[PDB]
>>> print(open('entry.pdb').read())   # PDB, C-alpha atoms and all ligand atoms
ATOM      1  CA  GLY A   1     221.211  60.957  56.336
ATOM      2  CA  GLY A   2     222.119  62.083  52.802
ATOM      3  CA  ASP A   3     225.591  63.580  53.468
ATOM      4  CA  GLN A   4     228.230  62.382  50.988
ATOM      5  CA  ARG A   5     231.799  62.401  52.263
ATOM      6  CA  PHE A   6     234.610  63.218  49.876
ATOM      7  CA  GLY A   7     238.028  63.280  51.482
ATOM      8  CA  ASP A   8     237.791  65.757  54.319
ATOM      9  CA  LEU A   9     234.718  67.574  52.961
ATOM     10  CA  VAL A  10     230.971  66.876  53.016
ATOM     11  CA  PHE A  11     228.456  67.409  50.171
ATOM     12  CA  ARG A  12     224.687  67.480  50.735
ATOM     13  CA  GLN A  13     222.172  67.642  47.875
ATOM     14  CA  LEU A  14     219.628  70.341  48.791
ATOM     15  CA  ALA A  15     217.648  70.434  45.521
ATOM     16  CA  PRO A  16     217.984  68.806  42.054
ATOM     17  CA  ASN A  17     220.694  71.169  40.901
ATOM     18  CA  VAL A  18     222.039  72.447  44.245
ATOM     19  CA  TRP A  19     224.569  71.006  46.711
ATOM     20  CA  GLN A  20     225.995  72.374  49.974
ATOM     21  CA  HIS A  21     229.740  72.056  50.395
ATOM     22  CA  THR A  22     231.202  71.855  53.894
ATOM     23  CA  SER A  23     234.815  72.182  55.023
ATOM     24  CA  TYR A  24     236.446  72.366  58.462
ATOM     25  CA  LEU A  25     239.140  74.330  60.292
ATOM     26  CA  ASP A  26     240.461  73.950  63.825
ATOM     27  CA  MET A  27     240.015  77.065  65.979
ATOM     28  CA  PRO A  28     240.915  77.550  69.687
ATOM     29  CA  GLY A  29     237.897  77.455  71.989
ATOM     30  CA  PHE A  30     235.687  76.064  69.228
ATOM     31  CA  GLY A  31     237.218  72.852  67.890
ATOM     32  CA  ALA A  32     236.873  71.993  64.208
ATOM     33  CA  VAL A  33     234.453  74.591  62.774
ATOM     34  CA  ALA A  34     232.292  73.848  59.714
ATOM     35  CA  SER A  35     231.842  76.367  56.917
ATOM     36  CA  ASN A  36     229.199  75.827  54.236
ATOM     37  CA  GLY A  37     228.930  77.111  50.696
ATOM     38  CA  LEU A  38     226.931  76.125  47.596
ATOM     39  CA  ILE A  39     227.377  74.425  44.255
ATOM     40  CA  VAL A  40     224.729  75.048  41.571
ATOM     41  CA  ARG A  41     224.471  73.332  38.184
ATOM     42  CA  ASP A  42     222.941  75.717  35.652
ATOM     43  CA  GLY A  43     222.506  73.903  32.349
ATOM     44  CA  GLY A  44     225.951  72.959  31.041
ATOM     45  CA  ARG A  45     227.997  74.770  33.702
ATOM     46  CA  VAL A  46     228.544  74.906  37.450
ATOM     47  CA  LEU A  47     228.454  77.956  39.721
ATOM     48  CA  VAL A  48     230.160  78.055  43.149
ATOM     49  CA  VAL A  49     229.231  80.175  46.177
ATOM     50  CA  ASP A  50     232.177  80.612  48.575
ATOM     51  CA  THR A  51     235.469  78.820  48.737
ATOM     52  CA  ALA A  52     236.485  76.423  51.486
ATOM     53  CA  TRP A  53     238.803  77.489  54.245
ATOM     54  CA  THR A  54     241.953  76.589  52.279
ATOM     55  CA  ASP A  55     243.336  76.174  48.760
ATOM     56  CA  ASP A  56     243.668  72.408  49.226
ATOM     57  CA  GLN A  57     240.055  72.093  50.392
ATOM     58  CA  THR A  58     238.872  74.258  47.524
ATOM     59  CA  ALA A  59     240.725  72.108  45.017
ATOM     60  CA  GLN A  60     238.882  69.149  46.579
ATOM     61  CA  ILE A  61     235.551  70.917  45.906
ATOM     62  CA  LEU A  62     236.644  71.202  42.256
ATOM     63  CA  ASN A  63     237.610  67.491  42.261
ATOM     64  CA  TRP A  64     234.150  66.567  43.628
ATOM     65  CA  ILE A  65     232.537  68.679  40.930
ATOM     66  CA  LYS A  66     234.637  66.929  38.255
ATOM     67  CA  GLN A  67     233.672  63.490  39.568
ATOM     68  CA  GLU A  68     229.982  64.083  40.268
ATOM     69  CA  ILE A  69     228.973  66.734  37.663
ATOM     70  CA  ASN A  70     231.859  66.859  35.131
ATOM     71  CA  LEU A  71     230.972  70.289  33.722
ATOM     72  CA  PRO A  72     233.048  73.486  33.689
ATOM     73  CA  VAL A  73     232.850  75.780  36.686
ATOM     74  CA  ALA A  74     231.840  79.030  34.947
ATOM     75  CA  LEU A  75     232.315  81.274  37.970
ATOM     76  CA  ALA A  76     232.432  81.587  41.750
ATOM     77  CA  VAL A  77     230.958  84.338  43.891
ATOM     78  CA  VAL A  78     232.393  84.747  47.379
ATOM     79  CA  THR A  79     230.391  86.414  50.143
ATOM     80  CA  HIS A  80     232.885  88.393  52.261
ATOM     81  CA  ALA A  81     236.612  88.779  52.984
ATOM     82  CA  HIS A  82     237.056  86.164  55.720
ATOM     83  CA  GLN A  83     239.051  82.954  55.428
ATOM     84  CA  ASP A  84     236.045  80.581  55.432
ATOM     85  CA  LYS A  85     234.635  82.356  52.332
ATOM     86  CA  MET A  86     237.770  83.458  50.423
ATOM     87  CA  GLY A  87     240.550  81.233  51.777
ATOM     88  CA  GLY A  88     240.679  79.215  48.555
ATOM     89  CA  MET A  89     240.780  81.949  45.876
ATOM     90  CA  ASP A  90     244.164  80.872  44.453
ATOM     91  CA  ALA A  91     242.823  77.350  43.843
ATOM     92  CA  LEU A  92     239.908  78.776  41.857
ATOM     93  CA  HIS A  93     242.281  80.979  39.872
ATOM     94  CA  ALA A  94     244.713  78.100  39.196
ATOM     95  CA  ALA A  95     241.718  76.232  37.788
ATOM     96  CA  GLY A  96     240.849  79.105  35.416
ATOM     97  CA  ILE A  97     237.600  80.037  37.196
ATOM     98  CA  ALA A  98     236.345  83.648  37.015
ATOM     99  CA  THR A  99     235.705  85.078  40.467
ATOM    100  CA  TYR A 100     233.320  87.745  41.798
ATOM    101  CA  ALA A 101     232.936  89.512  45.130
ATOM    102  CA  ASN A 102     231.499  92.704  46.581
ATOM    103  CA  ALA A 103     233.809  95.594  45.597
ATOM    104  CA  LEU A 104     234.433  96.174  49.313
ATOM    105  CA  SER A 105     235.437  92.525  49.803
ATOM    106  CA  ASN A 106     238.064  92.920  47.085
ATOM    107  CA  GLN A 107     239.281  96.160  48.684
ATOM    108  CA  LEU A 108     239.632  94.480  52.119
ATOM    109  CA  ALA A 109     240.933  91.087  50.986
ATOM    110  CA  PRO A 110     244.687  91.913  50.929
ATOM    111  CA  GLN A 111     244.840  93.320  54.463
ATOM    112  CA  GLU A 112     242.767  90.286  55.598
ATOM    113  CA  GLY A 113     245.510  88.001  54.246
ATOM    114  CA  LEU A 114     243.270  86.956  51.334
ATOM    115  CA  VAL A 115     243.413  87.137  47.550
ATOM    116  CA  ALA A 116     240.817  89.409  45.895
ATOM    117  CA  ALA A 117     238.290  88.166  43.378
ATOM    118  CA  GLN A 118     238.948  89.139  39.761
ATOM    119  CA  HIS A 119     235.658  91.055  39.406
ATOM    120  CA  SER A 120     233.761  93.461  41.667
ATOM    121  CA  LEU A 121     229.994  93.492  42.251
ATOM    122  CA  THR A 122     228.273  96.722  43.080
ATOM    123  CA  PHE A 123     224.770  97.143  44.446
ATOM    124  CA  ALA A 124     221.811  99.420  43.907
ATOM    125  CA  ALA A 125     220.599 101.466  46.864
ATOM    126  CA  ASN A 126     217.818  98.838  47.307
ATOM    127  CA  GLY A 127     220.526  96.195  47.924
ATOM    128  CA  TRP A 128     220.093  94.141  44.715
ATOM    129  CA  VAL A 129     223.256  93.586  42.739
ATOM    130  CA  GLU A 130     223.582  95.814  39.692
ATOM    131  CA  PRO A 131     222.850  93.033  37.163
ATOM    132  CA  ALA A 132     225.418  94.213  34.580
ATOM    133  CA  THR A 133     228.145  93.593  37.173
ATOM    134  CA  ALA A 134     227.066  89.961  37.573
ATOM    135  CA  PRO A 135     227.088  88.587  33.989
ATOM    136  CA  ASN A 136     226.204  84.926  33.501
ATOM    137  CA  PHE A 137     225.069  84.439  37.101
ATOM    138  CA  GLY A 138     222.157  82.313  35.873
ATOM    139  CA  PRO A 139     219.765  81.593  38.764
ATOM    140  CA  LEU A 140     221.933  83.292  41.380
ATOM    141  CA  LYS A 141     220.251  86.360  42.883
ATOM    142  CA  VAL A 142     222.830  88.401  44.788
ATOM    143  CA  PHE A 143     221.671  90.790  47.503
ATOM    144  CA  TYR A 144     223.574  93.158  49.813
ATOM    145  CA  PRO A 145     221.406  93.362  52.980
ATOM    146  CA  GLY A 146     223.493  96.072  54.652
ATOM    147  CA  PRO A 147     226.381  95.770  57.152
ATOM    148  CA  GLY A 148     226.005  93.055  59.777
ATOM    149  CA  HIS A 149     228.391  90.142  60.307
ATOM    150  CA  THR A 150     230.802  92.284  58.253
ATOM    151  CA  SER A 151     230.505  95.554  56.386
ATOM    152  CA  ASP A 152     230.926  93.683  53.064
ATOM    153  CA  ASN A 153     228.647  90.646  53.633
ATOM    154  CA  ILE A 154     226.432  89.581  50.702
ATOM    155  CA  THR A 155     223.741  86.919  50.333
ATOM    156  CA  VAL A 156     222.506  84.762  47.482
ATOM    157  CA  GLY A 157     219.115  83.348  46.490
ATOM    158  CA  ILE A 158     218.576  80.671  43.867
ATOM    159  CA  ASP A 159     215.838  81.255  41.283
ATOM    160  CA  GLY A 160     213.522  78.268  40.799
ATOM    161  CA  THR A 161     214.262  76.858  44.269
ATOM    162  CA  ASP A 162     213.132  77.513  47.823
ATOM    163  CA  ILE A 163     216.716  78.309  48.900
ATOM    164  CA  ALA A 164     218.330  81.504  50.189
ATOM    165  CA  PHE A 165     221.922  81.632  51.433
ATOM    166  CA  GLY A 166     222.700  83.936  54.327
ATOM    167  CA  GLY A 167     226.421  83.159  54.535
ATOM    168  CA  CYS A 168     227.822  84.247  57.845
ATOM    169  CA  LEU A 169     225.076  86.839  58.463
ATOM    170  CA  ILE A 170     222.520  84.216  59.507
ATOM    171  CA  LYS A 171     222.716  81.650  62.346
ATOM    172  CA  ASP A 172     220.290  78.757  62.943
ATOM    173  CA  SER A 173     217.081  78.918  65.019
ATOM    174  CA  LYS A 174     218.800  77.386  68.081
ATOM    175  CA  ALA A 175     222.090  79.261  67.774
ATOM    176  CA  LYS A 176     223.526  80.462  71.086
ATOM    177  CA  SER A 177     225.439  83.401  69.654
ATOM    178  CA  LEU A 178     226.318  85.391  66.556
ATOM    179  CA  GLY A 179     229.943  84.176  66.651
ATOM    180  CA  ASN A 180     232.920  86.577  66.344
ATOM    181  CA  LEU A 181     231.792  90.195  66.064
ATOM    182  CA  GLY A 182     235.295  91.611  65.657
ATOM    183  CA  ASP A 183     234.346  92.930  62.200
ATOM    184  CA  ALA A 184     230.584  93.303  62.823
ATOM    185  CA  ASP A 185     228.321  96.339  62.542
ATOM    186  CA  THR A 186     226.397  95.902  65.791
ATOM    187  CA  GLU A 187     224.114  98.922  65.124
ATOM    188  CA  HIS A 188     222.972  97.658  61.702
ATOM    189  CA  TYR A 189     223.017  93.863  62.163
ATOM    190  CA  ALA A 190     219.404  93.229  63.126
ATOM    191  CA  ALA A 191     218.056  95.323  60.245
ATOM    192  CA  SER A 192     220.420  93.644  57.798
ATOM    193  CA  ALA A 193     219.254  90.186  58.909
ATOM    194  CA  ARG A 194     215.621  91.282  58.493
ATOM    195  CA  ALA A 195     216.487  92.791  55.062
ATOM    196  CA  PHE A 196     217.853  89.409  53.970
ATOM    197  CA  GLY A 197     214.537  87.794  54.969
ATOM    198  CA  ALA A 198     212.551  90.452  53.140
ATOM    199  CA  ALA A 199     214.686  90.098  49.951
ATOM    200  CA  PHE A 200     213.900  86.375  49.772
ATOM    201  CA  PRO A 201     210.392  86.289  51.319
ATOM    202  CA  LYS A 202     209.443  82.942  49.745
ATOM    203  CA  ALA A 203     212.576  80.949  50.674
ATOM    204  CA  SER A 204     211.720  78.116  53.071
ATOM    205  CA  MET A 205     215.259  76.609  53.188
ATOM    206  CA  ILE A 206     217.721  79.046  54.727
ATOM    207  CA  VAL A 207     221.317  77.964  54.148
ATOM    208  CA  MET A 208     224.132  79.565  56.135
ATOM    209  CA  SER A 209     227.844  79.323  56.800
ATOM    210  CA  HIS A 210     228.039  77.752  60.248
ATOM    211  CA  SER A 211     224.808  75.761  60.734
ATOM    212  CA  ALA A 212     222.894  73.128  58.744
ATOM    213  CA  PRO A 213     219.978  74.413  56.581
ATOM    214  CA  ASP A 214     217.023  75.614  58.661
ATOM    215  CA  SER A 215     213.567  77.175  58.368
ATOM    216  CA  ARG A 216     213.026  80.945  58.340
ATOM    217  CA  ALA A 217     213.110  80.793  62.142
ATOM    218  CA  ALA A 218     216.861  81.138  61.594
ATOM    219  CA  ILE A 219     216.219  84.676  60.310
ATOM    220  CA  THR A 220     213.759  85.643  63.110
ATOM    221  CA  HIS A 221     216.110  84.147  65.719
ATOM    222  CA  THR A 222     219.255  85.793  64.318
ATOM    223  CA  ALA A 223     217.458  89.117  64.158
ATOM    224  CA  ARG A 224     216.186  88.692  67.762
ATOM    225  CA  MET A 225     219.746  88.047  69.005
ATOM    226  CA  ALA A 226     221.000  91.007  66.975
ATOM    227  CA  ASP A 227     218.344  93.222  68.570
ATOM    228  CA  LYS A 228     220.327  92.773  71.824
ATOM    229  CA  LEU A 229     223.448  94.466  70.334
ATOM    230  CA  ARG A 230     221.858  97.901  69.835
TER     231      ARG A 230
HETATM  232  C1  LIG A 301     236.837  82.952  60.943
HETATM  233  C2  LIG A 301     235.318  82.929  60.820
HETATM  234  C3  LIG A 301     234.868  83.979  59.799
HETATM  235  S1  LIG A 301     233.086  84.205  59.627
HETATM  236  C4  LIG A 301     234.717  83.182  62.178
HETATM  237  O1  LIG A 301     234.814  84.299  62.668
HETATM  238  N1  LIG A 301     234.091  82.181  62.803
HETATM  239  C5  LIG A 301     233.981  80.785  62.379
HETATM  240  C6  LIG A 301     233.066  80.141  63.405
HETATM  241  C7  LIG A 301     232.583  81.201  64.364
HETATM  242  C8  LIG A 301     233.378  82.457  64.064
HETATM  243  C9  LIG A 301     234.268  82.760  65.233
HETATM  244  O2  LIG A 301     235.491  82.516  65.147
HETATM  245  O3  LIG A 301     233.727  83.264  66.252
HETATM  246 ZN    ZN A 302     232.928  86.093  58.341
HETATM  247 ZN    ZN A 303     232.115  82.604  58.773
END
>>> encode(input="entry.pdb", output="structure tokens", more="lines below")
Ligand SMILES: C[C@H](CS)C(=O)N1CCC[C@H]1C(=O)O
Ligand SMILES: [Zn+2]
Ligand SMILES: [Zn+2]
Amino acid sequence: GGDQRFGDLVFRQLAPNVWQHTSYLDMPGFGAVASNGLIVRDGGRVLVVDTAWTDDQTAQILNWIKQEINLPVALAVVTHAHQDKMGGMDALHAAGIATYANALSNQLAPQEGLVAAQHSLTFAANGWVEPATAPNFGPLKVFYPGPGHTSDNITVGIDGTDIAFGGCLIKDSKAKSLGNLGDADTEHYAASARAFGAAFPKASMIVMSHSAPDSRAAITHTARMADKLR
């Protein structure tokens, strides 16, 4: 279709200023598993959502940005303390990029075998990021929907687009399962999925970690599967 290959990664333009990055990691019982994040150009800078699985892959994301956009990466926000989302933090840091995560992600990252972000986000009781903790986030709208896939999972909308990113909270409309639930909050998951949908009620393109972009039926379907856990 429109997928651009760059080394071992894939880049898909979703909107004029927005690309999805995709990287892969072998896992037993699963094969080579895709993880998606985002790249957003905001004026004269670039914003990244999530690393790739590894430092090397993350450096390749930066190389793609250099080749295709050739503007500084002002910051990255990473959406929970798992390897697919934070595996590449040292590559961002080597590159001089300021990093942000949920406070709880930074607290958990060491024991997860991950490097913490440099800056912690905290969230109002209504789930919206406290805006003073997310300086220079431009069009990124960061929302904590409650515990679900993990206790620390956060989501991101993009102002001026029809896109909302569910990270590993949301699976596609035909997904057979919710994946590994080892760190999940099975009581709260369905509500958290629905809270994501309600935070971004206008988004028609739902982007997520482990499926291609889908309609909002991804949210309804994920929530319906999560209903079965409680
Ligand atoms: C390591 C990642 C973190 S979200 C994971 O748990 N995955 C990646 C694909 C599905 C699921 C699994 O192993 O069940
Ligand atoms: Zn995860
Ligand atoms: Zn994941």
>>> residues_near_point(input="entry.pdb", point="(238.3, 93.2, 63.4)", cutoff="12 Å", atoms="all atoms listed in the file", output="list in words")
residues 81, 82, 108, 111, 112, 149, 150, 151, 180, 181, 182, 183, 184 and 185 of chain A
>>> resolve_selection(input="entry.pdb", expression="the PyMOL selection byres (((chain A and resi 215) around 7) and not hetatm)", output="list in words")
residues 204, 205, 206, 214, 216, 217 and 218 of chain A
>>> resolve_selection(input="entry.pdb", expression="the PyMOL selection byres (((chain A and resi 152-161) around 7) and not hetatm)", output="list in words")
residues 79, 80, 102, 104, 105, 139, 140, 141, 142, 143, 144, 145, 147, 149, 150, 151, 162, 163, 164, 165, 166, 167 and 200 of chain A
>>> write_last_selection(input="entry.pdb", atoms="C-alpha atoms", output="short mmCIF file (atom, residue, chain, number, x, y, z; two decimals), in the frame of the given file")
data_model
loop_
_atom_site.label_atom_id
_atom_site.label_comp_id
_atom_site.auth_asym_id
_atom_site.auth_seq_id
_atom_site.Cartn_x
_atom_site.Cartn_y
_atom_site.Cartn_z
CA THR A 79 230.39 86.41 50.14
CA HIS A 80 232.88 88.39 52.26
CA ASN A 102 231.50 92.70 46.58
CA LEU A 104 234.43 96.17 49.31
CA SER A 105 235.44 92.52 49.80
CA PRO A 139 219.76 81.59 38.76
CA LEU A 140 221.93 83.29 41.38
CA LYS A 141 220.25 86.36 42.88
CA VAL A 142 222.83 88.40 44.79
CA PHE A 143 221.67 90.79 47.50
CA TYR A 144 223.57 93.16 49.81
CA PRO A 145 221.41 93.36 52.98
CA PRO A 147 226.38 95.77 57.15
CA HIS A 149 228.39 90.14 60.31
CA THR A 150 230.80 92.28 58.25
CA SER A 151 230.50 95.55 56.39
CA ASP A 162 213.13 77.51 47.82
CA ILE A 163 216.72 78.31 48.90
CA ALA A 164 218.33 81.50 50.19
CA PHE A 165 221.92 81.63 51.43
CA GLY A 166 222.70 83.94 54.33
CA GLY A 167 226.42 83.16 54.54
CA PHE A 200 213.90 86.38 49.77
#
>>> atom_distance(input="entry.pdb", atom1="CA of residue 123 (chain A)", atom2="CA of residue 146 (chain A)")
10.3 Å
>>> closest_residue(input="entry.pdb", among="A:209, A:136, A:4, A:220", to="residue 52 (chain A)", atoms="all atoms listed in the file")
A:209
>>> residues_around(input="entry.pdb", residues="residue 84 (chain A)", least_positions_apart="6", cutoff="9 Å", atoms="only C-alpha atoms", output="list in words")
residues 23, 24, 25, 34, 35, 36, 50, 51, 52, 53, 54 and 209 of chain A
>>> closest_residue(input="entry.pdb", among="A:126, A:66, A:83, A:10", to="ligand ZN 302 (chain A)", atoms="only C-alpha atoms and all ligand atoms")
A:83
>>> closest_residue(input="entry.pdb", among="A:96, A:125, A:78, A:110", to="ligand ZN 302 (chain A)", atoms="all atoms listed in the file")
A:78
>>> atom_distance(input="entry.pdb", atom1="atom ZN of ligand ZN 303 (chain A)", atom2="CA of residue 85 (chain A)")
6.9 Å
>>> closest_residue(input="entry.pdb", among="A:63, A:131, A:39, A:148", to="ligand ZN 302 (chain A)", atoms="only C-alpha atoms and all ligand atoms")
A:148
>>> resolve_selection(input="entry.pdb", expression="the PyMOL selection byres (((chain A and resi 171) around 7) and not hetatm)", output="list in words")
residues 169, 170, 172, 173, 175, 178, 208, 210, 211, 218 and 222 of chain A
>>> atom_distance(input="entry.pdb", atom1="CA of residue 213 (chain A)", atom2="CA of residue 174 (chain A)")
11.9 Å
>>> closest_residue(input="entry.pdb", among="A:18, A:223, A:33, A:95", to="ligand ZN 303 (chain A)", atoms="only C-alpha atoms and all ligand atoms")
A:33
>>> closest_residue(input="entry.pdb", among="A:27, A:86, A:124, A:59", to="residue 7 (chain A)", atoms="all atoms listed in the file")
A:59
>>> residues_around(input="entry.pdb", residues="residue 103 (chain A)", least_positions_apart="2", cutoff="9 Å", atoms="all atoms listed in the file", output="ChimeraX atom specification")
/A:100-101,105-108,117,119-122,152
>>> axis_aligned_box(input="entry.pdb", around="ligand LIG 301 (chain A)", padding_each_side="8 Å", output="lines of an AutoDock Vina configuration file")
center_x = 234.7
center_y = 82.2
center_z = 62.9
size_x = 20.3
size_y = 20.2
size_z = 22.6
>>> decode(input="entry.pdb", residues="region 148-160 of chain A", atoms="N, CA and C atoms", output="mmCIF file, in the first residue's frame")
data_model
loop_
_atom_site.group_PDB
_atom_site.id
_atom_site.type_symbol
_atom_site.label_atom_id
_atom_site.label_comp_id
_atom_site.auth_asym_id
_atom_site.auth_seq_id
_atom_site.Cartn_x
_atom_site.Cartn_y
_atom_site.Cartn_z
ATOM 1 N N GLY A 148 -5.279 -0.805 33.020
ATOM 2 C CA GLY A 148 -5.872 -1.716 32.058
ATOM 3 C C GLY A 148 -4.849 -2.761 31.611
ATOM 4 N N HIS A 149 -4.241 -2.518 30.448
ATOM 5 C CA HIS A 149 -3.142 -3.340 29.967
ATOM 6 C C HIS A 149 -2.021 -3.388 31.014
ATOM 7 N N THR A 150 -1.692 -2.205 31.572
ATOM 8 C CA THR A 150 -0.839 -2.069 32.742
ATOM 9 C C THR A 150 -1.443 -1.009 33.665
ATOM 10 N N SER A 151 -0.890 -0.935 34.871
ATOM 11 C CA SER A 151 -1.321 0.096 35.799
ATOM 12 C C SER A 151 -0.922 1.499 35.336
ATOM 13 N N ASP A 152 0.164 1.592 34.549
ATOM 14 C CA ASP A 152 0.789 2.852 34.167
ATOM 15 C C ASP A 152 0.454 3.290 32.740
ATOM 16 N N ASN A 153 -0.381 2.561 32.006
ATOM 17 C CA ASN A 153 -0.605 2.827 30.589
ATOM 18 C C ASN A 153 -1.218 4.209 30.357
ATOM 19 N N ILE A 154 -0.664 4.937 29.369
ATOM 20 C CA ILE A 154 -1.203 6.231 28.949
ATOM 21 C C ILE A 154 -1.450 6.223 27.446
ATOM 22 N N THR A 155 -2.246 7.178 26.977
ATOM 23 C CA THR A 155 -2.722 7.262 25.619
ATOM 24 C C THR A 155 -2.495 8.684 25.119
ATOM 25 N N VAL A 156 -2.525 8.849 23.800
ATOM 26 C CA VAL A 156 -2.177 10.137 23.222
ATOM 27 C C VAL A 156 -3.091 10.451 22.046
ATOM 28 N N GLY A 157 -3.785 11.596 22.082
ATOM 29 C CA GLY A 157 -4.434 12.118 20.886
ATOM 30 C C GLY A 157 -3.596 13.180 20.184
ATOM 31 N N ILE A 158 -3.909 13.449 18.918
ATOM 32 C CA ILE A 158 -3.211 14.483 18.193
ATOM 33 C C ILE A 158 -4.207 15.554 17.755
ATOM 34 N N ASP A 159 -4.057 16.750 18.332
ATOM 35 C CA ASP A 159 -4.856 17.912 17.974
ATOM 36 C C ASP A 159 -4.747 18.146 16.469
ATOM 37 N N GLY A 160 -5.876 18.518 15.852
ATOM 38 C CA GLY A 160 -5.911 18.885 14.444
ATOM 39 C C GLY A 160 -5.864 17.678 13.503
#
